[PDB]
Amino acid sequence: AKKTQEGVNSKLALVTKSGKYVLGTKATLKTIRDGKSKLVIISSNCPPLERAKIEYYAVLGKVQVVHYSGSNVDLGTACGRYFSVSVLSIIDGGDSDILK
RNA sequence: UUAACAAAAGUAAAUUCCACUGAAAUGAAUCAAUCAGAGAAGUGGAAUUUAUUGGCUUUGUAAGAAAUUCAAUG
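First residue of the first sequence? That's 7 in the deposited numbering, and the numbers climb one at a time after it.
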């Protein structure tokens with residue numbers, strides 16, 4: 007009933023194709039501050055301090071928070087990128103079904 | 001030729017931070033390295049160090065001193 011990250015992992019590949027996402031932690035907070043964020047993904051090794059800042063913003067902004075299983079390196083690869091992504095915002099998912 | 005201590009016309013090198021923005025066709029850089037979505041490069045700023053104030057030229061001290069000449073103190 008675990009290792010579901012052939013879903014969200016596969017889902018976070020159509021977003022690279024058709025959707026729009028914002029990578030990073032400081033860039034995520036801007037989306038939550040506006041109404042442009044519909045989903046937030048936090049890696050497993052995000053520091054506990056400002057991880058708690060993102061879920062506090064997300065509660066205030068009424069956004070859904072997804073706790074990714076892998077590290078910021080694993081999340082970055084899942085986006086097809088060659089750096090590490092610790093926190094992700096799904097502004098819009100074109101043909102994927104994460105926002106469902 | 002110019003001191004301690006102070007001043008702030010003009011103008012430096014290096015490092016670390018801040019704001020805007022968000023990098024992949026990956027870029028930035030050193031003699032070497034090294035660094036970046038826990039955020040690079042760019043632009044604009046803040047701070048500290050550089051034999052006292054604030055590093056260097058400059059200024060007050062201060063030319064009245066001192067050095068090199070001349071005349072018989074100037």
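The beta-carbon is built from N, C-alpha and C at its ideal position, and this holds for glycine as well.
Three-state secondary structure assigned by DSSP to residue i
i	result
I38	helix
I104	coil
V79	helix
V65	helix
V91	coil
Chain-order list of residues whose beta-carbon lies under 6 Å from that of residue i (same chain, five-residue window excluded)
i	result
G82	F89, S90 and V91
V14	none
CB contact flag (residue i, residue j, <9 Å)
i	j	result
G100	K26	yes
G41	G67	yes
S102	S24	yes
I48	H73	yes
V79	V46	no
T37	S95	yes
Residue(s) in a DSSP beta bridge with residue i
i	result
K26	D98
Contacts around residue i, its chain only, beta-carbon distance under 8 Å, and the 5 residues preceding and following it disregarded
i	result
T10	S75
Own chain residues within Cβ distance below 7 Å of residue i, not counting five before or after
i	result
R57	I48
Can you confirm whether the segment 48-57 touches the segment 13-23 when touching is taken to mean that 3 or more C-beta pairs between the two stretches lie within less than 8 Å? no
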